[PDB]
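Since the structure comes first, as structure tokens, the remarks are kept for the end.
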Amino acid sequence: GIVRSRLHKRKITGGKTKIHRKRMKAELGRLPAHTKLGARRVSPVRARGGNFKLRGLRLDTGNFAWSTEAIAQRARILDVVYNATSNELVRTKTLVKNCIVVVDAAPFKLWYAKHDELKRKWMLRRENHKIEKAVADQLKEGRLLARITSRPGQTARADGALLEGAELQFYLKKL
Amino acid sequence: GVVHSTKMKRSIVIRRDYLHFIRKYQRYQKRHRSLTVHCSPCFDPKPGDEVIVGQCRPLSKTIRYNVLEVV
Amino acid sequence: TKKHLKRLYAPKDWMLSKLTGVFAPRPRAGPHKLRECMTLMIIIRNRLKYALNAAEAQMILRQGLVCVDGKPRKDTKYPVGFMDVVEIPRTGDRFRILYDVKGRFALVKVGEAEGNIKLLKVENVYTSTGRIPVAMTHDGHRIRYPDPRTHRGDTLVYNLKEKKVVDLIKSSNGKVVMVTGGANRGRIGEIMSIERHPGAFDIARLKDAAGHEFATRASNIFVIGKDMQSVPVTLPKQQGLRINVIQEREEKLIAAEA
RNA sequence: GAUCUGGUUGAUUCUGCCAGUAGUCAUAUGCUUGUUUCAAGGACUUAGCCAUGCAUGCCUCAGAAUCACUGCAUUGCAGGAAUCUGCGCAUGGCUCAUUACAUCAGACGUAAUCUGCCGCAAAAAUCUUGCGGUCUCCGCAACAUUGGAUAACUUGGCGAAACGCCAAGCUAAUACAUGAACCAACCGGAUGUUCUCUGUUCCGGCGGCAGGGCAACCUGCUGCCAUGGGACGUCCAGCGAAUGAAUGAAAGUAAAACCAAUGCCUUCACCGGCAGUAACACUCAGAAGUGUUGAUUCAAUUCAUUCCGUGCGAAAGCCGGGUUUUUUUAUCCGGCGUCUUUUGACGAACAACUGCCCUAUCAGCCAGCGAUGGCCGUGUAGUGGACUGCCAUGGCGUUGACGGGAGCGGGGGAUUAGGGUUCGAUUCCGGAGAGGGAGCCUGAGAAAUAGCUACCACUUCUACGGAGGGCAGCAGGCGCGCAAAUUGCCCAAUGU
RNA sequence: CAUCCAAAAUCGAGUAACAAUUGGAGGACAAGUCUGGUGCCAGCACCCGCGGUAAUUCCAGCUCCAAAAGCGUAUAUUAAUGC
RNA sequence: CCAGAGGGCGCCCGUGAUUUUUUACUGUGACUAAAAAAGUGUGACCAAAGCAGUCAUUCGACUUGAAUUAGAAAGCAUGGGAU
């Protein structure tokens with residue numbers, strides 16, 4: 001079927017390869033999985049390793065992480081703002097690695113207020129800590145910008161990290 | 001190998017040259033491999049300079065090498 | 001997946017013939033590699049001669065009358081490589097296979113308490129889960145909890161009576177050492193020096209007794225003991241010294257006059 | 001054996017080919033042969049077409065027997081059909097058509113990946129079962145005492161035939177689906193409107209009350225906490241996989257307080273002082289302060305969220321040895337079998353260093369639709385223009401690119417004093433193919449062809465409604481050409 | 001294939017009919033001063049050349065030569081080739 | 001269970017070179033399937049062949065033999081330092 005090979009392609013000399021061999025099942029493309037938003041649907045496929053890999057369709061939730069404090073919580077994926085690859089993708093709100101996105105942001109808020117025995121732990125954690133301004137404004141409103149740092153098209157789980165100052169400032173200005 | 005051209009972005013073109021021997025005529029011949037490499041943005045050697053290049057995993061269609069050092 | 005082997009493409013350290021038969025046995029995968037191993041059936045039939053035919057080797061082994069590593073085997077085909085003790089309790093004999101001088105499989109005969117000793121070269125060390133360190137060997141054995149002084153390419157004395165590891169021996173310095181493969185097989189000598197070439201094979205220079213130095217790859221070093229008077233295990237028929245072609249021929253004639 | 005013999009002329013000496021001459025596991029062909037030993041053998045001419053038969057199936061002591069099957073036995077045993085289950089059939093065998101940066105040979109890498117069988121090994125998550133009362137709730141007890149179908153078979157059958165099929169009734173498991181408390185070690189973090197020591201003070205915070213208020217805020221009073229450890233309660237904790245964060249040492253001299261915490265020595269003290277010092281505010285005064293590599297974002301450890309079936313049963317498994325009479329018993333042991341995790345081996349899949357016949361009356365080749373590279377993704381077991389999108393304008397060539405012709409490649413054969421010359425279809429190794437093409441399932445591994453699906457060229461049956469076939473597997477037949485064996489016997493040997 | 005023709009007892013050569021052939025005899029190239037037949041015909045001849053009635057070469061016989069249970073012929077390829 | 005003294009090797013890393021330094025070639029050494037070829041031993045009756053067998057003399061011995069060499073380039077290590 002679909003194959004991944006250099007033997008239907010031109011050489012560096014501009015010449016053409018000539019065949020003598022029918023295509024292997026070792027070399028083997030498959031059609032791309034389309035992860036979007038909506039109800040979760042997961043269709044496995046069997047692979048050559050004797051194990052299954054999972055085709056994410058329509059994931060509307062992700063496991064997101066806040067940098068620097070070494071934490072994470074689940075939250076809901078709402079929108080896709082941006083992508084490097086195309087504009088077309090963004091409009092359909094496809095989810096593929098290194099798309100900037102938008103999340104519910106609620107659990108992070110909740111967490112950070114918890115960041116008598118309790119009470120003095122807080123005061124210690126308040127000390128020697130600060131947060132970027134562009135972060136906190138968004139985090140107040142209850143929306144945030146994050147990146148999806150796992151490939152959802154072959155695991156059917158979408159995990160992401162939350163943008164921090166250096167990189168956040170770039171993606172912001174691209175909008 | 002030397003530098004054949006500096007053209008392309010982060011990719012150079014190296015030319016090895018060696019000698020093959022032919023038994024019947026008892027005499028050598030000159031034969032060159034023109035090869036492509038991915039030059040790190042650290043280095044930028046001039047044409048005619050000599051380069052050293054290692055064995056890395058594939059990086060493009062033709063490129064398998066990388067620039068360790070420059071003379 | 002290969003499941004057939006032809007006599008010529010098989011080792012002739014198994015000492016098969018060109019004529020008689022067409023196939024040779026391809027052993028089941030195990031501790032040892034295809035070239036360095038010798039399959040059960042070959043041993044029993046062509047050397048020991050407790051069998052005259054293939055079917056007779058099945059008769060003995062399937063039933064069970066034969067042990068290797070002190071474990072009884074119901075396997076018809078199994079590898080037997082190097083430093084393996086095999087015991088047939090019916091005869092009451094204990095063979096220890098080794099590399100004889102001149103590239104031949106040695107079958108050497110040992111006292112009974114030596115047949116509980118075994119030597120395994122370490123290949124990798126690594127930490128596994130729970131922080132539990134592991135030495136993985138050249139026979140595929142896993143030594144749990146090895147000494148903190150263990151390194152790649154060292155030997156671990158291994159009790160087969162009950163499984164554990166007593167004190168090690170290193171490849172460090174001059175020590176009595178023997179070769180595996182490379183056609184310097186069974187030749188024994190001190191390590192004179194260990195050369196390093198990083199990113200490539202590390203040469204080592206060995207010097208056998210009565211001089212005559214030579215070079216073999218680090219990979220082909222297998223330690224024996226601290227010293228030649230501290231050896232834990234027996235030597236094959238020749239001591240690990242080779243002789244010149246002329247002297248071979250001379251001695252062959254001298255004995256043939258009897 | 002390093003060999004020059006005839007042929008141009010009236011006669012002669014050259015140049016020069018022709019003819020003679022010896023080999024060939026090199027083929028054909030004529031004629032001729034009394035025996036033995038050793039053998040190639042439909043490659044060449046069409047990888048043309050095929051009548052007929054046969055060519056991978058398999059169970060012990062150990063997965064399932066109520067054959068209405070057979071013996072011994074008389075509600076007991078052994079054989080045991082074909083049927084479910086498991087494993088193998090992708091290897092061997094045969095054939096050279098494609099094919100020149102291909103394929104292959106020597107050397108090399110896969111820190112870029114998969115891997116059944118085999119070997120050495122690893123394994124502490126799991127709230128279950130039974131009975132009694134009883135509300136779907138409790139109390140006890142603890143070789144765990146689990147559930148539901150389906151074939152052979154039986155019954156009705158269908159069809160011209162078909163390695164074609166239907167309904168109903170049965171009943172198994174190491175098939176399938178469930179599920180294991182107690183047994184249970186060790187390791188931490190989040191903590192709680194639990195109380196017990198506590199900081200003989202105020203720079204800060206929090207709660208309550210009163211007064212004023214521009215409702216932003218200020219003042220007064222009371223209680224609690226502030227670098228601390230115990231006691232008690234609660235929640236998360238395993239392996240495998242995903243993401244973020246930390247870890248995965250270091251090697252550029254020795255003055256002596258200056259600031260807070262804190263230890264030790266010392267006195268009586270919260271005074272003085274620095275002799276001692278892995279770690280160490282607990283139950284451990286050493287129960288990891290230290291993974292392997294030339295090189296790692298790798299091994300592994302910790303913390304925070306996760307996984308939803310597409311991961312994790314002690315097979316809820318089988319067969320024996322006894323003890324020990326009461327056998328028929330929690331008295332013990334042995335041999336097999338399986339889930340998941342782990343890494344050697346056997347292999348699979350990629351990549352590259354070097355090498356390879358003739359031809360220029362084949363000199364320019366390559367990019368719309370990927371040509372060369374960069375950037376971000378997608379896909380794959382994995383690296384990669386392998387592929388999408390964006391950006392850049394490169395890449396190769398007289399040291400012969402590109403195109404064409406001939407050819408499976410190598411080990412090796414023949415011939416040669418030497419240098420060479422020529423052959424390789426063919427026993428071994430590597431690759432590719434199964435009428436021509438493409439697509440696919442299953443499986444650890446296949447783009448399999450005595451597996452499947454479709455088309456095309458052929459081709460076989462049919463009461464013509466339909467159903468099939470693939471010898472370049474062994475014999476054998478037709479065709480072909482100068483040209484090539486028996487429709488034999490055997491699993492005794494050699495292997496699987 | 002081998003071992004045997006009794007170990008008490010088991011076969012068999014004298015034209016040794018159990019009978020060797022295939023190509024050659026002018027030169028190259030080992031072997032005819034032959035005899036008959038044919039007469040530029042028939043044919044031989046890799047090549048040089050034989051045959052027109054006087055054939056060392058044709059068609060037959062005898063004789064001798066080379067190899068030998070093998071020997072001729074065709075084509076390709078290698079040596080011969082320093083073509 | 002030696003203060004001091006310069007140290008002496010081994011191991012790893014850091015720093016320093018006015019310009020470190022290479023290659024062909026050669027000697028030696030590594031690393032490299034069998035079959036085939038060259039070759040050693042051996043009376044398969046000899047021989048192409050094979051890797052066998054041979055001896056006492058019995059309830060095995062020979063530590064039974066099954067050597068060894070070559071095998072284009074290219075890659076590997078280390079001497080040499082003329083061209």
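Here's how to read the names in the structure tokens: chain A, B, ... by the order shown, residue numbers from 1 in each chain, ligand numbers from 1 in the order shown.
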
With a distance threshold of 10 Å and counting only C-alpha atoms (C1' of nucleotides), extract the residues of chain F near chain C and express them as a PDB file with C-alpha atoms (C1' of nucleotides), in the first residue's frame.
```pdb
ATOM      1  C1'   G F  10      49.074   3.918  37.445  1.00  0.00           C
ATOM      2  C1'   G F  29      50.643  -7.733  13.916  1.00  0.00           C
ATOM      3  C1'   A F  30      45.207  -7.816  14.506  1.00  0.00           C
ATOM      4  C1'   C F  31      40.353  -8.833  12.338  1.00  0.00           C
ATOM      5  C1'   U F  32      38.314 -12.327   8.295  1.00  0.00           C
ATOM      6  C1'   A F  33      32.361 -18.703   6.316  1.00  0.00           C
ATOM      7  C1'   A F  34      32.717 -23.667   4.481  1.00  0.00           C
ATOM      8  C1'   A F  35      33.160 -25.914  -0.352  1.00  0.00           C
ATOM      9  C1'   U F  40      51.135 -32.014   6.242  1.00  0.00           C
ATOM     10  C1'   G F  41      49.903 -37.115   8.057  1.00  0.00           C
ATOM     11  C1'   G F  50      38.135 -39.741   2.141  1.00  0.00           C
ATOM     12  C1'   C F  51      39.168 -37.705   7.386  1.00  0.00           C
ATOM     13  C1'   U F  54      45.974 -47.742  14.032  1.00  0.00           C
ATOM     14  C1'   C F  55      47.761 -50.877  17.741  1.00  0.00           C
ATOM     15  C1'   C F  62      47.290 -43.729  21.676  1.00  0.00           C
ATOM     16  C1'   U F  63      45.630 -38.286  26.011  1.00  0.00           C
ATOM     17  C1'   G F  65      44.416 -37.729  14.643  1.00  0.00           C
ATOM     18  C1'   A F  66      41.354 -34.500  11.567  1.00  0.00           C
ATOM     19  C1'   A F  67      48.163 -29.951  11.030  1.00  0.00           C
ATOM     20  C1'   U F  68      49.074 -25.472   8.008  1.00  0.00           C
ATOM     21  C1'   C F  76      42.514  -1.784  11.688  1.00  0.00           C
ATOM     22  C1'   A F  77      47.024  -1.333  15.041  1.00  0.00           C
TER      23        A F  77
END
```

Selection: 7 Å around residue 2 of chain B, only C-alpha atoms (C1' of nucleotides), excl. self and same-chain fewer than 6 positions, as a ChimeraX atom specification = /B:14-16,48-51

Do you know which residues are at most 8 Å from segment 470-481 of chain D counting only C-alpha atoms (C1' of nucleotides), after dropping those on the same chain fewer than 6 positions away, and could you put them as JSON, numbers by chain?
-> {"D": [45, 46, 47, 48, 49, 50, 51, 55, 93, 94, 95, 434, 435, 487]}

Close residues, residue 39 of chain C itself excluded, 9 Å, only C-alpha atoms (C1' of nucleotides), min 6 positions apart in chain, as a list in words = residues 14, 25, 26, 27, 28, 76, 77, 78, 79, 80 and 81 of chain C

Next, the residues of the selection above should be written as a PDB file, in the first residue's frame with C-alpha atoms.
```
ATOM      1  CA  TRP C  14      31.815 -29.575  15.149  1.00  0.00           C
ATOM      2  CA  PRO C  25      21.272 -29.227  13.396  1.00  0.00           C
ATOM      3  CA  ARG C  26      20.443 -25.584  14.030  1.00  0.00           C
ATOM      4  CA  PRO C  27      20.196 -25.347  17.842  1.00  0.00           C
ATOM      5  CA  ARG C  28      17.529 -23.457  19.785  1.00  0.00           C
ATOM      6  CA  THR C  76      17.189 -32.269  22.359  1.00  0.00           C
ATOM      7  CA  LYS C  77      19.017 -29.189  21.072  1.00  0.00           C
ATOM      8  CA  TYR C  78      20.627 -26.753  23.466  1.00  0.00           C
ATOM      9  CA  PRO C  79      23.894 -24.749  23.144  1.00  0.00           C
ATOM     10  CA  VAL C  80      27.086 -25.728  24.954  1.00  0.00           C
ATOM     11  CA  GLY C  81      29.661 -22.962  24.535  1.00  0.00           C
TER      12      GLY C  81
END
```

Could you write out as a PyMOL selection string the residues of chain D within 6 Å of chain C, counting only C-alpha atoms (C1' of nucleotides)?
-> chain D and resi 91+118-120+291-292+294+300+344-347+494-495

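Going from atom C1' of residue 55 of chain E over to atom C1' of residue 34 of chain E, you cover 13.0 Å.
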
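For chain A, the residues close to chain B, meaning within 12 Å and counting only C-alpha atoms, are residues 5, 6, 9, 10, 11, 12 and 13 of chain A.
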
Output C-alpha atoms of each residue in that selection to a file, as a tab-separated table (two decimals), in the first residue's frame.
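File written: again.tsv
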```tsv
chain	number	residue	atom	x	y	z
A	5	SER	CA	10.95	4.64	0.53
A	6	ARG	CA	13.58	6.36	-1.60
A	9	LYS	CA	12.28	9.04	-5.91
A	10	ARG	CA	14.91	10.78	-7.99
A	11	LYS	CA	18.58	10.55	-7.08
A	12	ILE	CA	20.96	13.47	-6.51
A	13	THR	CA	22.09	13.10	-10.14
```

Would you kindly report the residues of chain B within 10 Å of chain F, using only C-alpha atoms (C1' of nucleotides), as number ranges by chain?
-> B: 18-23

Resulting file, chosen residues, N, CA, C and O atoms, as a PDB file, in the first residue's frame:
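Okay, selection_37.pdb is ready:
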```
ATOM      1  N   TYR B  18      40.748  10.551  -3.025  1.00  0.00           N
ATOM      2  CA  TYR B  18      41.591   9.446  -2.646  1.00  0.00           C
ATOM      3  C   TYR B  18      42.122   8.863  -3.930  1.00  0.00           C
ATOM      4  O   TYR B  18      41.930   9.435  -5.003  1.00  0.00           O
ATOM      5  N   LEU B  19      42.784   7.685  -3.835  1.00  0.00           N
ATOM      6  CA  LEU B  19      43.432   7.038  -4.944  1.00  0.00           C
ATOM      7  C   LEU B  19      42.999   5.602  -4.951  1.00  0.00           C
ATOM      8  O   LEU B  19      43.106   4.907  -3.942  1.00  0.00           O
ATOM      9  N   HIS B  20      42.534   5.126  -6.129  1.00  0.00           N
ATOM     10  CA  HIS B  20      42.205   3.747  -6.394  1.00  0.00           C
ATOM     11  C   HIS B  20      43.391   3.223  -7.153  1.00  0.00           C
ATOM     12  O   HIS B  20      44.143   4.005  -7.731  1.00  0.00           O
ATOM     13  N   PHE B  21      43.636   1.896  -7.083  1.00  0.00           N
ATOM     14  CA  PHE B  21      44.749   1.257  -7.743  1.00  0.00           C
ATOM     15  C   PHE B  21      44.195   0.245  -8.705  1.00  0.00           C
ATOM     16  O   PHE B  21      43.167  -0.375  -8.441  1.00  0.00           O
ATOM     17  N   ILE B  22      44.881   0.081  -9.863  1.00  0.00           N
ATOM     18  CA  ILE B  22      44.521  -0.856 -10.898  1.00  0.00           C
ATOM     19  C   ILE B  22      45.733  -1.729 -11.059  1.00  0.00           C
ATOM     20  O   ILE B  22      46.836  -1.222 -11.250  1.00  0.00           O
ATOM     21  N   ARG B  23      45.550  -3.072 -10.982  1.00  0.00           N
ATOM     22  CA  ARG B  23      46.627  -4.037 -10.977  1.00  0.00           C
ATOM     23  C   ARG B  23      47.274  -4.213 -12.313  1.00  0.00           C
ATOM     24  O   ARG B  23      48.495  -4.348 -12.377  1.00  0.00           O
TER      25      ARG B  23
END
```

Could you list the residues in chain D lying within 7 Å of chain B, using only C-alpha atoms (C1' of nucleotides), and format the result as a list in words?
-> residues 112, 373, 374, 383, 384, 385, 394 and 399 of chain D

Would you save the residues of that selection, restricted to N, CA, C and O atoms (P, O5', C5', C4', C3', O3' and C1' of nucleotides), as a PDB file, in the first residue's frame?
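Writing the result to out_3.pdb gives the following:
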```
ATOM      1  P     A D 112      21.008   7.598  17.817  1.00  0.00           P
ATOM      2  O5'   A D 112      19.679   6.904  17.316  1.00  0.00           O
ATOM      3  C5'   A D 112      18.436   7.591  17.535  1.00  0.00           C
ATOM      4  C4'   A D 112      17.255   6.762  17.015  1.00  0.00           C
ATOM      5  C3'   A D 112      17.125   5.318  17.523  1.00  0.00           C
ATOM      6  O3'   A D 112      15.750   4.957  17.651  1.00  0.00           O
ATOM      7  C1'   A D 112      17.402   5.274  15.218  1.00  0.00           C
ATOM      8  P     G D 373      18.845  16.996   0.680  1.00  0.00           P
ATOM      9  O5'   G D 373      18.839  18.343   1.519  1.00  0.00           O
ATOM     10  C5'   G D 373      20.089  18.850   2.003  1.00  0.00           C
ATOM     11  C4'   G D 373      19.951  20.312   2.445  1.00  0.00           C
ATOM     12  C3'   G D 373      18.994  20.622   3.599  1.00  0.00           C
ATOM     13  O3'   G D 373      19.605  20.271   4.845  1.00  0.00           O
ATOM     14  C1'   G D 373      18.653  22.176   1.879  1.00  0.00           C
ATOM     15  P     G D 374      18.703  20.009   6.125  1.00  0.00           P
ATOM     16  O5'   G D 374      18.200  21.441   6.561  1.00  0.00           O
ATOM     17  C5'   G D 374      19.112  22.406   7.099  1.00  0.00           C
ATOM     18  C4'   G D 374      18.357  23.714   7.379  1.00  0.00           C
ATOM     19  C3'   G D 374      17.169  23.617   8.342  1.00  0.00           C
ATOM     20  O3'   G D 374      17.634  23.638   9.699  1.00  0.00           O
ATOM     21  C1'   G D 374      16.506  24.808   6.441  1.00  0.00           C
ATOM     22  P     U D 383      11.552   8.253  14.795  1.00  0.00           P
ATOM     23  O5'   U D 383      12.862   8.486  13.956  1.00  0.00           O
ATOM     24  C5'   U D 383      14.122   8.690  14.589  1.00  0.00           C
ATOM     25  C4'   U D 383      15.211   8.697  13.518  1.00  0.00           C
ATOM     26  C3'   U D 383      14.982   9.566  12.279  1.00  0.00           C
ATOM     27  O3'   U D 383      15.241  10.938  12.600  1.00  0.00           O
ATOM     28  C1'   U D 383      15.846   7.469  11.628  1.00  0.00           C
ATOM     29  P     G D 384      14.209  12.049  12.136  1.00  0.00           P
ATOM     30  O5'   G D 384      14.278  11.971  10.554  1.00  0.00           O
ATOM     31  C5'   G D 384      15.479  12.448   9.925  1.00  0.00           C
ATOM     32  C4'   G D 384      15.472  12.099   8.438  1.00  0.00           C
ATOM     33  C3'   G D 384      14.293  12.615   7.611  1.00  0.00           C
ATOM     34  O3'   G D 384      14.516  13.977   7.232  1.00  0.00           O
ATOM     35  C1'   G D 384      14.668  10.360   7.109  1.00  0.00           C
ATOM     36  P     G D 385      13.279  14.953   7.080  1.00  0.00           P
ATOM     37  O5'   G D 385      12.601  14.487   5.731  1.00  0.00           O
ATOM     38  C5'   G D 385      13.323  14.555   4.500  1.00  0.00           C
ATOM     39  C4'   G D 385      12.460  13.915   3.417  1.00  0.00           C
ATOM     40  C3'   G D 385      13.218  13.649   2.115  1.00  0.00           C
ATOM     41  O3'   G D 385      12.767  12.431   1.509  1.00  0.00           O
ATOM     42  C1'   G D 385      11.479  15.148   1.696  1.00  0.00           C
ATOM     43  P     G D 394      22.191  29.485  -4.752  1.00  0.00           P
ATOM     44  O5'   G D 394      22.476  28.226  -3.838  1.00  0.00           O
ATOM     45  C5'   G D 394      22.940  27.007  -4.431  1.00  0.00           C
ATOM     46  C4'   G D 394      22.175  25.833  -3.831  1.00  0.00           C
ATOM     47  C3'   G D 394      22.680  24.479  -4.298  1.00  0.00           C
ATOM     48  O3'   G D 394      23.819  24.107  -3.515  1.00  0.00           O
ATOM     49  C1'   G D 394      20.345  24.560  -4.550  1.00  0.00           C
ATOM     50  P     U D 399      38.552  13.592 -17.009  1.00  0.00           P
ATOM     51  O5'   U D 399      37.999  12.741 -15.796  1.00  0.00           O
ATOM     52  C5'   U D 399      37.920  11.316 -15.917  1.00  0.00           C
ATOM     53  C4'   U D 399      37.533  10.668 -14.579  1.00  0.00           C
ATOM     54  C3'   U D 399      36.161  11.118 -14.042  1.00  0.00           C
ATOM     55  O3'   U D 399      35.433  10.040 -13.436  1.00  0.00           O
ATOM     56  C1'   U D 399      37.827  11.701 -12.482  1.00  0.00           C
TER      57        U D 399
END
```

Show me, as a PDB file with N, CA and C atoms (P, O5', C5', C4', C3', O3' and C1' of nucleotides), in the first residue's frame, the residues that have an atom within 9 Å of residue 64 of chain E when counting only C-alpha atoms (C1' of nucleotides), minus same-chain residues fewer than 5 positions from it.
```pdb
ATOM      1  P     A E  25      45.514 -39.166 -45.696  1.00  0.00           P
ATOM      2  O5'   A E  25      46.853 -40.006 -45.704  1.00  0.00           O
ATOM      3  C5'   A E  25      48.032 -39.459 -45.100  1.00  0.00           C
ATOM      4  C4'   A E  25      49.203 -40.426 -45.287  1.00  0.00           C
ATOM      5  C3'   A E  25      49.414 -40.989 -46.695  1.00  0.00           C
ATOM      6  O3'   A E  25      50.107 -40.046 -47.522  1.00  0.00           O
ATOM      7  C1'   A E  25      49.497 -42.746 -45.199  1.00  0.00           C
ATOM      8  P     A E  31      56.950 -41.554 -40.589  1.00  0.00           P
ATOM      9  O5'   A E  31      56.005 -42.573 -41.332  1.00  0.00           O
ATOM     10  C5'   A E  31      56.024 -43.941 -40.898  1.00  0.00           C
ATOM     11  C4'   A E  31      54.864 -44.700 -41.527  1.00  0.00           C
ATOM     12  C3'   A E  31      54.757 -44.563 -43.043  1.00  0.00           C
ATOM     13  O3'   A E  31      55.633 -45.505 -43.655  1.00  0.00           O
ATOM     14  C1'   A E  31      52.681 -44.078 -42.081  1.00  0.00           C
ATOM     15  P     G E  32      56.260 -45.182 -45.067  1.00  0.00           P
ATOM     16  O5'   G E  32      55.081 -45.603 -46.036  1.00  0.00           O
ATOM     17  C5'   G E  32      55.082 -45.131 -47.387  1.00  0.00           C
ATOM     18  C4'   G E  32      54.807 -46.318 -48.305  1.00  0.00           C
ATOM     19  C3'   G E  32      54.933 -45.976 -49.798  1.00  0.00           C
ATOM     20  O3'   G E  32      55.489 -47.085 -50.511  1.00  0.00           O
ATOM     21  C1'   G E  32      52.835 -46.840 -49.423  1.00  0.00           C
TER      22        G E  32
END
```
